[PDB]
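Student: First, the structure itself, so that you have it in front of you.
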Amino acid sequence: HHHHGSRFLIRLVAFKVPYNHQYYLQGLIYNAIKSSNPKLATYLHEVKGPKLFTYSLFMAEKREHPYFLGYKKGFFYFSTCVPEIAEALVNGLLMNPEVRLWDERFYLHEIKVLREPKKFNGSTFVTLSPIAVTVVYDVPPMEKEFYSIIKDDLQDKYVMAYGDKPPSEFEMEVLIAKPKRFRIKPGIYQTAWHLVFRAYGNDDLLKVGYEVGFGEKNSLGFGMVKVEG
RNA sequence: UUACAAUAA
């Protein structure tokens, strides 16, 4: 135990934000992990494969679209099942910034520690960060196997976290599905999916996807989802 | 805490 898990909402303080901005969010996250735990930080890069943390997009208190607008504060979410990944993103964001992203200045306001709904099976999930699943293009939800991949990754992420035989009951049904393409530097096409869906299965199974993510790029800001209730 | 993204390989 182990199994308790963690989720964070961080809040910063008229400003601007881009799209395709999740490589720059890769910056503020590792910066504060090195600034706390320098061995943990370097480790994660070369140490490779799906990491046990994920984080949301950078949203605002409002969305405006002529980059785009900005207003009263702004924020994002972070979830990981590895206690130190979080302790080093809480500690490093604390004794530090002063945060400045791209070049926009900002000042740390609060870090609100959310809760884990113990409700998972059947609950509705909406993507906080889009979803990518890649194979050799990026398979969309109309694809029969988008589901075998997304499931499997979670079964592994499961034992990766639980050190135990993976739970085998997972289905997901998708209501709203939105396409999009991102620039991960310099030269790549990641076709992700903004999603709303119902997912039933082993409770703990989906607990994981909740925390670490759904799909591949969890360390780049894909695959983080929220519960509706 | 927002079913909240402009671009389309």
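Note on naming: chains are A, B, ... as they come in the structure tokens, residues start from 1 per chain, ligands start from 1 in the order shown.
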Please extract the residues of stretch 8-131 of chain A with a backbone DSSP assignment of alpha helix (DSSP H) and present them as a PyMOL selection string.
Tutor: chain A and resi 25-34+38-46+83-94
Student: Output N, CA and C atoms of each residue in that selection to a file, as an mmCIF file, in the first residue's frame.
Tutor:
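Final output, saved to out-v2.cif:
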data_model
loop_
_atom_site.group_PDB
_atom_site.id
_atom_site.type_symbol
_atom_site.label_atom_id
_atom_site.label_comp_id
_atom_site.auth_asym_id
_atom_site.auth_seq_id
_atom_site.Cartn_x
_atom_site.Cartn_y
_atom_site.Cartn_z
ATOM 1 N N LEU A 25 5.598 21.918 -21.401
ATOM 2 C CA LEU A 25 5.118 21.505 -20.096
ATOM 3 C C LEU A 25 6.008 20.369 -19.611
ATOM 4 N N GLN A 26 6.676 19.710 -20.554
ATOM 5 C CA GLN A 26 7.657 18.689 -20.214
ATOM 6 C C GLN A 26 8.808 19.379 -19.503
ATOM 7 N N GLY A 27 8.956 20.672 -19.777
ATOM 8 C CA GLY A 27 9.972 21.486 -19.138
ATOM 9 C C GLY A 27 9.733 21.786 -17.669
ATOM 10 N N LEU A 28 8.559 22.321 -17.339
ATOM 11 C CA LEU A 28 8.280 22.749 -15.968
ATOM 12 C C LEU A 28 8.213 21.565 -15.009
ATOM 13 N N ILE A 29 7.932 20.389 -15.558
ATOM 14 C CA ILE A 29 7.795 19.177 -14.757
ATOM 15 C C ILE A 29 9.132 18.531 -14.350
ATOM 16 N N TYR A 30 10.052 18.376 -15.303
ATOM 17 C CA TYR A 30 11.347 17.752 -15.028
ATOM 18 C C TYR A 30 12.252 18.738 -14.299
ATOM 19 N N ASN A 31 12.081 20.020 -14.611
ATOM 20 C CA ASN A 31 12.831 21.081 -13.955
ATOM 21 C C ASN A 31 12.707 21.002 -12.442
ATOM 22 N N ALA A 32 11.485 20.776 -11.971
ATOM 23 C CA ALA A 32 11.199 20.749 -10.544
ATOM 24 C C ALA A 32 11.474 19.383 -9.928
ATOM 25 N N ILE A 33 11.631 18.369 -10.769
ATOM 26 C CA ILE A 33 12.040 17.055 -10.286
ATOM 27 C C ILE A 33 13.561 16.959 -10.084
ATOM 28 N N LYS A 34 14.312 17.662 -10.928
ATOM 29 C CA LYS A 34 15.762 17.736 -10.816
ATOM 30 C C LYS A 34 16.099 18.631 -9.633
ATOM 31 N N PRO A 38 17.766 15.041 -8.075
ATOM 32 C CA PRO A 38 18.518 15.078 -9.342
ATOM 33 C C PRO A 38 18.818 13.710 -9.946
ATOM 34 N N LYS A 39 18.817 12.678 -9.110
ATOM 35 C CA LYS A 39 19.016 11.322 -9.595
ATOM 36 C C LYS A 39 17.727 10.812 -10.218
ATOM 37 N N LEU A 40 16.602 11.152 -9.596
ATOM 38 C CA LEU A 40 15.299 10.766 -10.117
ATOM 39 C C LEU A 40 15.068 11.411 -11.476
ATOM 40 N N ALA A 41 15.475 12.670 -11.608
ATOM 41 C CA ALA A 41 15.242 13.420 -12.837
ATOM 42 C C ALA A 41 15.942 12.829 -14.048
ATOM 43 N N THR A 42 17.264 12.734 -13.969
ATOM 44 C CA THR A 42 18.057 12.179 -15.055
ATOM 45 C C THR A 42 17.615 10.768 -15.346
ATOM 46 N N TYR A 43 17.336 10.029 -14.277
ATOM 47 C CA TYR A 43 16.959 8.635 -14.399
ATOM 48 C C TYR A 43 15.856 8.547 -15.451
ATOM 49 N N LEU A 44 14.780 9.297 -15.250
ATOM 50 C CA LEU A 44 13.588 9.185 -16.098
ATOM 51 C C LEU A 44 13.787 9.364 -17.606
ATOM 52 N N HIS A 45 14.850 10.048 -18.018
ATOM 53 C CA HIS A 45 15.025 10.336 -19.441
ATOM 54 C C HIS A 45 15.536 9.127 -20.225
ATOM 55 N N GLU A 46 16.780 8.754 -19.949
ATOM 56 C CA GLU A 46 17.414 7.565 -20.493
ATOM 57 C C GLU A 46 16.610 6.346 -20.066
ATOM 58 N N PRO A 83 5.280 7.383 -5.345
ATOM 59 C CA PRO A 83 5.329 8.421 -4.309
ATOM 60 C C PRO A 83 6.422 9.470 -4.512
ATOM 61 N N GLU A 84 7.612 9.070 -4.952
ATOM 62 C CA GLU A 84 8.717 10.022 -5.075
ATOM 63 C C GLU A 84 8.633 10.899 -6.330
ATOM 64 N N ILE A 85 8.018 10.389 -7.393
ATOM 65 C CA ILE A 85 7.837 11.207 -8.585
ATOM 66 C C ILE A 85 7.041 12.430 -8.179
ATOM 67 N N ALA A 86 6.079 12.216 -7.287
ATOM 68 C CA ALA A 86 5.202 13.283 -6.819
ATOM 69 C C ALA A 86 5.860 14.149 -5.751
ATOM 70 N N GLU A 87 6.559 13.514 -4.815
ATOM 71 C CA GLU A 87 7.216 14.248 -3.748
ATOM 72 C C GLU A 87 8.257 15.180 -4.341
ATOM 73 N N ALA A 88 8.846 14.767 -5.461
ATOM 74 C CA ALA A 88 9.868 15.567 -6.123
ATOM 75 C C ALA A 88 9.272 16.577 -7.108
ATOM 76 N N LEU A 89 8.006 16.395 -7.483
ATOM 77 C CA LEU A 89 7.304 17.458 -8.204
ATOM 78 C C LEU A 89 6.545 18.423 -7.286
ATOM 79 N N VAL A 90 6.293 18.006 -6.049
ATOM 80 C CA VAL A 90 5.730 18.909 -5.044
ATOM 81 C C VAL A 90 6.823 19.740 -4.384
ATOM 82 N N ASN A 91 7.923 19.074 -4.047
ATOM 83 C CA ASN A 91 9.045 19.716 -3.377
ATOM 84 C C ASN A 91 9.783 20.665 -4.310
ATOM 85 N N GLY A 92 9.928 20.258 -5.567
ATOM 86 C CA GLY A 92 10.688 21.019 -6.543
ATOM 87 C C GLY A 92 9.939 22.198 -7.130
ATOM 88 N N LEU A 93 8.615 22.094 -7.165
ATOM 89 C CA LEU A 93 7.781 23.216 -7.568
ATOM 90 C C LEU A 93 7.627 24.191 -6.401
ATOM 91 N N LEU A 94 7.817 23.687 -5.183
ATOM 92 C CA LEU A 94 7.764 24.523 -3.983
ATOM 93 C C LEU A 94 9.046 25.343 -3.787
#
Student: So which residues touch stretch 132-149 of chain A within 7 Å, counting only C-alpha atoms (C1' of nucleotides), skipping near sequence neighbours fewer than 5 positions away, as an MDAnalysis selection string?
Tutor: chainID A and resid 190:193 215:217 222
Student: Would you mind exporting N, CA, C and O atoms of the selected residues as a PDB file, in the first residue's frame?
Tutor:
ATOM      1  N   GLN A 190       1.643  13.172 -34.253  1.00  0.00           N
ATOM      2  CA  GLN A 190       0.947  12.388 -33.265  1.00  0.00           C
ATOM      3  C   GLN A 190      -0.529  12.725 -33.373  1.00  0.00           C
ATOM      4  O   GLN A 190      -0.975  13.800 -32.971  1.00  0.00           O
ATOM      5  N   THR A 191      -1.297  11.780 -33.892  1.00  0.00           N
ATOM      6  CA  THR A 191      -2.716  11.994 -34.049  1.00  0.00           C
ATOM      7  C   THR A 191      -3.354  11.411 -32.812  1.00  0.00           C
ATOM      8  O   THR A 191      -3.371  10.195 -32.603  1.00  0.00           O
ATOM      9  N   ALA A 192      -3.851  12.305 -31.971  1.00  0.00           N
ATOM     10  CA  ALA A 192      -4.384  11.921 -30.680  1.00  0.00           C
ATOM     11  C   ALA A 192      -5.907  11.994 -30.736  1.00  0.00           C
ATOM     12  O   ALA A 192      -6.475  12.394 -31.753  1.00  0.00           O
ATOM     13  N   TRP A 193      -6.564  11.608 -29.647  1.00  0.00           N
ATOM     14  CA  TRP A 193      -8.019  11.661 -29.566  1.00  0.00           C
ATOM     15  C   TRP A 193      -8.514  12.259 -28.258  1.00  0.00           C
ATOM     16  O   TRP A 193      -8.266  11.705 -27.192  1.00  0.00           O
ATOM     17  N   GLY A 215      -3.135   4.896 -22.866  1.00  0.00           N
ATOM     18  CA  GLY A 215      -2.346   4.995 -24.076  1.00  0.00           C
ATOM     19  C   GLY A 215      -0.866   5.231 -23.841  1.00  0.00           C
ATOM     20  O   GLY A 215      -0.345   4.918 -22.773  1.00  0.00           O
ATOM     21  N   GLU A 216      -0.203   5.817 -24.833  1.00  0.00           N
ATOM     22  CA  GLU A 216       1.257   5.810 -24.919  1.00  0.00           C
ATOM     23  C   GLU A 216       2.014   6.918 -24.191  1.00  0.00           C
ATOM     24  O   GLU A 216       2.757   6.665 -23.248  1.00  0.00           O
ATOM     25  N   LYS A 217       1.757   8.157 -24.589  1.00  0.00           N
ATOM     26  CA  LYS A 217       2.699   9.266 -24.402  1.00  0.00           C
ATOM     27  C   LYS A 217       2.651   9.888 -23.013  1.00  0.00           C
ATOM     28  O   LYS A 217       3.077  11.017 -22.820  1.00  0.00           O
ATOM     29  N   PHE A 222      -0.144  12.918 -22.720  1.00  0.00           N
ATOM     30  CA  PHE A 222      -1.323  12.241 -23.270  1.00  0.00           C
ATOM     31  C   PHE A 222      -1.851  11.169 -22.329  1.00  0.00           C
ATOM     32  O   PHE A 222      -1.100  10.568 -21.563  1.00  0.00           O
TER      33      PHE A 222
END
Student: What is the distance, in Å and to one decimal place, between atom CA of residue A:8 and atom CA of residue A:78?
Tutor: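 A separation of 5.0 Å between them.
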Student: Name the residues of chain A that fall into strand (DSSP E) according to DSSP on the backbone, using the chain letters and numbers of this document, as a PyMOL selection string.
Tutor: chain A and resi 6-12+53-55+74-80+108-113+124-127+170-184+188-201+225-228
Student: Using only C-alpha atoms (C1' of nucleotides), which residues of chain B come within 7 Å of chain A, and what is the closest atom pair for each, with the distance in Å to one decimal? Give it as CSV, sorted by chain and residue number.
Tutor:
residue,atom,partner,partner_atom,distance
B:3,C1',A:196,CA,6.7
B:4,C1',A:63,CA,6.9
B:6,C1',A:65,CA,6.8
B:7,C1',A:181,CA,7.0
B:8,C1',A:181,CA,5.9
B:9,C1',A:189,CA,5.2
Student: As JSON, numbers by chain, please: the residues near residue A:169 (cut-off 12 Å, only C-alpha atoms (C1' of nucleotides), same-chain neighbours under 3 positions excluded).
Tutor: {"A": [121, 148, 151, 152, 154, 155, 166, 172, 199, 200, 201, 202, 203, 204, 205, 206]}
Student: Those residues you just picked out, can you put them in a file as a PDB file, in the first residue's frame with N, CA, C and O atoms?
Tutor:
ATOM      1  N   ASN A 121     -15.312   1.495 -12.299  1.00  0.00           N
ATOM      2  CA  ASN A 121     -16.116   0.722 -13.241  1.00  0.00           C
ATOM      3  C   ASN A 121     -17.370   1.499 -13.607  1.00  0.00           C
ATOM      4  O   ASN A 121     -18.114   1.950 -12.737  1.00  0.00           O
ATOM      5  N   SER A 148      -7.186  -3.181 -28.073  1.00  0.00           N
ATOM      6  CA  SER A 148      -6.282  -4.227 -27.601  1.00  0.00           C
ATOM      7  C   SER A 148      -4.987  -3.630 -27.077  1.00  0.00           C
ATOM      8  O   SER A 148      -4.420  -4.104 -26.094  1.00  0.00           O
ATOM      9  N   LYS A 151      -5.728  -1.464 -23.772  1.00  0.00           N
ATOM     10  CA  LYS A 151      -5.964  -2.397 -22.680  1.00  0.00           C
ATOM     11  C   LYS A 151      -4.666  -2.969 -22.154  1.00  0.00           C
ATOM     12  O   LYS A 151      -4.391  -2.924 -20.954  1.00  0.00           O
ATOM     13  N   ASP A 152      -3.881  -3.516 -23.081  1.00  0.00           N
ATOM     14  CA  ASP A 152      -2.633  -4.207 -22.777  1.00  0.00           C
ATOM     15  C   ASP A 152      -1.680  -3.313 -21.997  1.00  0.00           C
ATOM     16  O   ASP A 152      -1.147  -3.708 -20.961  1.00  0.00           O
ATOM     17  N   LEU A 154      -2.312  -0.961 -20.131  1.00  0.00           N
ATOM     18  CA  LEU A 154      -2.833  -0.854 -18.768  1.00  0.00           C
ATOM     19  C   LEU A 154      -2.578  -2.113 -17.940  1.00  0.00           C
ATOM     20  O   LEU A 154      -2.290  -2.032 -16.746  1.00  0.00           O
ATOM     21  N   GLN A 155      -2.701  -3.277 -18.569  1.00  0.00           N
ATOM     22  CA  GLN A 155      -2.428  -4.525 -17.874  1.00  0.00           C
ATOM     23  C   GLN A 155      -0.981  -4.537 -17.387  1.00  0.00           C
ATOM     24  O   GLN A 155      -0.703  -4.947 -16.260  1.00  0.00           O
ATOM     25  N   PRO A 166      -2.011  -9.468 -13.859  1.00  0.00           N
ATOM     26  CA  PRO A 166      -2.889  -8.406 -14.367  1.00  0.00           C
ATOM     27  C   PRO A 166      -4.352  -8.836 -14.467  1.00  0.00           C
ATOM     28  O   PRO A 166      -4.623  -9.962 -14.885  1.00  0.00           O
ATOM     29  N   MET A 172     -14.190  -0.606 -23.045  1.00  0.00           N
ATOM     30  CA  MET A 172     -14.526   0.804 -23.010  1.00  0.00           C
ATOM     31  C   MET A 172     -15.398   1.191 -24.194  1.00  0.00           C
ATOM     32  O   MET A 172     -15.153   0.790 -25.334  1.00  0.00           O
ATOM     33  N   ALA A 199     -16.263   3.193 -19.180  1.00  0.00           N
ATOM     34  CA  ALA A 199     -15.338   2.069 -19.069  1.00  0.00           C
ATOM     35  C   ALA A 199     -15.660   1.171 -17.881  1.00  0.00           C
ATOM     36  O   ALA A 199     -15.689   1.626 -16.738  1.00  0.00           O
ATOM     37  N   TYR A 200     -15.891  -0.109 -18.166  1.00  0.00           N
ATOM     38  CA  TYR A 200     -16.233  -1.091 -17.145  1.00  0.00           C
ATOM     39  C   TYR A 200     -15.175  -2.189 -17.135  1.00  0.00           C
ATOM     40  O   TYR A 200     -14.679  -2.584 -18.186  1.00  0.00           O
ATOM     41  N   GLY A 201     -14.837  -2.682 -15.947  1.00  0.00           N
ATOM     42  CA  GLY A 201     -13.832  -3.718 -15.808  1.00  0.00           C
ATOM     43  C   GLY A 201     -13.427  -3.927 -14.364  1.00  0.00           C
ATOM     44  O   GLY A 201     -14.197  -3.651 -13.449  1.00  0.00           O
ATOM     45  N   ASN A 202     -12.225  -4.443 -14.148  1.00  0.00           N
ATOM     46  CA  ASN A 202     -11.695  -4.501 -12.798  1.00  0.00           C
ATOM     47  C   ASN A 202     -11.552  -3.079 -12.286  1.00  0.00           C
ATOM     48  O   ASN A 202     -11.038  -2.215 -12.987  1.00  0.00           O
ATOM     49  N   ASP A 203     -12.011  -2.828 -11.069  1.00  0.00           N
ATOM     50  CA  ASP A 203     -11.867  -1.500 -10.487  1.00  0.00           C
ATOM     51  C   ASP A 203     -10.422  -1.000 -10.542  1.00  0.00           C
ATOM     52  O   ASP A 203     -10.125  -0.012 -11.216  1.00  0.00           O
ATOM     53  N   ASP A 204      -9.535  -1.688  -9.827  1.00  0.00           N
ATOM     54  CA  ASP A 204      -8.127  -1.308  -9.748  1.00  0.00           C
ATOM     55  C   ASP A 204      -7.461  -1.152 -11.117  1.00  0.00           C
ATOM     56  O   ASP A 204      -6.544  -0.351 -11.287  1.00  0.00           O
ATOM     57  N   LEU A 205      -7.936  -1.923 -12.094  1.00  0.00           N
ATOM     58  CA  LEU A 205      -7.375  -1.885 -13.444  1.00  0.00           C
ATOM     59  C   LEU A 205      -7.472  -0.436 -13.918  1.00  0.00           C
ATOM     60  O   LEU A 205      -6.468   0.178 -14.279  1.00  0.00           O
ATOM     61  N   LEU A 206      -8.690   0.100 -13.903  1.00  0.00           N
ATOM     62  CA  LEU A 206      -8.970   1.443 -14.404  1.00  0.00           C
ATOM     63  C   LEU A 206      -8.485   2.518 -13.448  1.00  0.00           C
ATOM     64  O   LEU A 206      -8.255   3.657 -13.849  1.00  0.00           O
TER      65      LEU A 206
END
Student: Do a neighbour search on residue A:110 at 8 Å with only C-alpha atoms (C1' of nucleotides), toss out local chain neighbours closer than 4 positions, and write the hits as a list in words.
Tutor: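 Residues near the query, excluding close chain neighbours: residues 10, 11 and 12 of chain A.
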Student: Between atom CA of residue A:70 and atom CA of residue A:53, what is the spacing in Å?
Tutor: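 Atom CA of residue A:70 lies at a distance of 27.1 Å from atom CA of residue A:53.
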